[PDB]
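What the coordinates show
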Protein chains: 2
Amino acid sequence: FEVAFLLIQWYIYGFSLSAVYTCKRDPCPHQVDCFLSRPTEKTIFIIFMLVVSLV
Amino acid sequence: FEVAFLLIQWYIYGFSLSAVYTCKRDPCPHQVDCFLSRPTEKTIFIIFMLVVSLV
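Rules used throughout
Residues numbered from 1 in each chain as written, not as in the entry; some residues may be left out. Chains lettered and ligands numbered in written order. Part of a larger assembly, values for the part shown. Heavy atoms only, no water. Axes fitted to C-alpha atoms, helices over the stretch in contact; angles between N-to-C directions. Helix = DSSP H or I, 4+ residues; strand = E, 2+ residues; numbered from the N terminus. Parallel < 35°, antiparallel > 145°, perpendicular 65-115°, else oblique. Left-handed = near helix turned anticlockwise from the far one by under 90°. Contact = heavy atoms within 4.5 Å. Least-squares fit on C-alpha atoms. Buried area = accessible area lost by both parts, 1.4 Å probe. Salt bridge = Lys/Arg side-chain N within 4 Å of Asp/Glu carboxyl O. Polar contact = N/O pair within 3.5 Å; in protein donor to acceptor, adjacent residues only side chain to side chain. Nonpolar A, V, L, I, M, F, W, Y, C, P; charged D, E, K, R; others polar. Patch = residues over 30% accessible without salt bridge, like charges linked within 9 Å, V, L, I, M, F, W, Y side chains within 5 Å. Areas by Shrake-Rupley, 256 points an atom, 1.4 Å probe, with all protein chains shown as cover. Buried < 20%, exposed > 50% of the residue type's maximum accessible area, 1.4 Å probe, protein only.

In terms of determination method and resolution, the entry is listed under cryo-EM at 3.3 Å.

Okay, here's the thing in structure tokens:
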């Protein structure tokens with residue numbers, strides 16, 4: 001179960017969060033920019049949870 | 001002078017006006033949509049001025 005959850009988390013999100021995201025879904029126009037909320041702190045806690053999972 | 005002005009007006013604008021224009025200039029994002037103001041009436045008057053010019 002641990003290795004399955006680690007593989008799914010790598011496949012969906014990766015192990016970082018970018019501050020600027022680009023969106024191409026209807027019913028928006030061609031391409032819009034969307035800005036996340038505190039991505040640095042979430043990157044730090046994602047790295048901590050990854051380390052705990054590996055241990 | 002008449003044929004020069006007709007050639008310049010054909011080269012810049014054409015002889016119609018579309019109701020939806022797409023814009024790709026800085027400092028906007030990737031592509032935005034911009035909507036004109038009464039383009040049908042302006043198309044009609046452009047056709048009248050073209051006919052008067054040719055006559």
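So that's the structure; there's more coming.
1. A short note on the packing of helix 1 (residues 2-12) of chain B against helix 2 (residues 39-54) of chain B
Residue and element names in this part refer to chain B. It is the contact of helix 1 with helix 2, at a shortest axis distance of 11 Å, that shows an interaxial angle of 150 degrees. Compared by their axis directions, helix 1 and helix 2 come out roughly antiparallel. Considering only the axes of helix 1 and helix 2, their crossing is left-handed. The segment helix 1 lies against helix 2, with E2, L6 and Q9 engaging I46, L50, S53 and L54.

2. Quick word on the relation of the copies chain A and chain B
In the superposition of chain A on chain B (RMSD 0.0 Å, axial shift 0.1 Å), the rotation amounts to 180 degrees. Taken together, the rotation angle and the small translation identify this as a two-fold axis. Every residue of chain A has its C-alpha some distance from the rotation axis, and the shortest such distance is that of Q31(A), at 3.2 Å. The fraction of interface residues of chain A whose copies in chain B are also interface residues reaches 100%, indicating that both copies meet through the same surface.

3. What to know about the interface of chain A and chain B
With five residues of chain A in contact, the opposing surface of chain B contributes five residues. Between chain A and chain B, a total of about 430 Å² is buried, with carbon and sulfur atoms accounting for 47% of that surface. Of all residues in chain A, the largest losses of buried area upon contact with chain B belong to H30(A), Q31(A) and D33(A), amounting jointly to 86% of the total for that side. Where chain A meets chain B, there are zero salt bridges. The interface formed by chain A and chain B contains two residue pairs in polar contact. For the side of chain A that touches chain B, a count of residues per class yields one nonpolar, three polar and one charged.

4. Considerations on a nonpolar patch on the surface
Residue and element names in this part refer to chain A. On the surface, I8, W10, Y11, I12 and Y13 cluster together into a nonpolar patch covering about 710 Å² of accessible area. Structurally, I8 can be placed in helix 1 (residues 2-12). Of the residues examined, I8 reaches a relative accessible area of 54% and is grouped as exposed.

5. Thoughts on helix 1 of chain B
Counting buried residues along helix 1 of chain B, only one of its 11 residues qualify, which leaves the element largely exposed. Downstream of helix 1 of chain B by one or two residues, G14(B) has phi in the positive range, about 85 degrees.

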